[PDB]
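**Q** Need the 3D shape of this:
(2 chains)
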Amino acid sequence: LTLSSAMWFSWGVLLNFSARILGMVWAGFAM
Amino acid sequence: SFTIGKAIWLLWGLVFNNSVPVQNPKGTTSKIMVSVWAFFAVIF
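**A** Residues are numbered from 1 along each chain as shown, chains lettered A, B, ... in the order given. For reference, the structure is listed below:
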């Protein structure tokens, strides 16, 4: 469920190893 | 799977987004329900 892990992370970022860099920049976009 | 009666301690706690370790939802229904609840809490 790694795709489900990415979904459950991504839908929880905006709602509250370069993929982690895209996640932290997307958290900046979220805020 | 310890979400028997302690759902209140996560539910009203995530209204305020207090960064407090309460419970990690292991069910997909609970995660979708939290995605409804916290998004309502943001506009609230």
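
**Q** and chain B, which residues reach chain A?
**A** For chain B, the residues in contact with chain A (C-beta under 8 Å from any C-beta of the partner chain) are B:17, B:31, B:35, B:38-39, B:42. C-beta here means a position set from N, CA and C on the backbone, and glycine is covered the same way.

**Q** Quick check: the gap between residue A:18 and chain B.
**A** Shown here: residue A:18 relative to chain B, a distance of 26 Å by C-beta to the nearest C-beta, to the nearest Å.

**Q** Sorry, slip of the keys, the one I care about is residue A:9.
**A** For residue A:9 relative to chain B (C-beta to the nearest C-beta), the value is 11 Å.

**Q** what residues are up against that residue?
**A** Neighbouring residues of residue A:9 by C-beta atoms under 8 Å, 6 or more residues apart in numbering or on different chains: residue A:23.

**Q** Just the element for it, please.
**A** Under the criterion of DSSP states H and E, residue A:9 resides in helix A:2-13.

**Q** I'd like the distance from that helix to the chain centre, please.
**A** How far helix A:2-13 lies from its chain's middle: 6 Å, per C-alpha atoms, centre = their mean, to the nearest Å.

**Q** And the next helix or strand past it?
**A** Moving toward the C-terminus from helix A:2-13, the first helix or strand encountered (DSSP H and E) is helix A:18-30.
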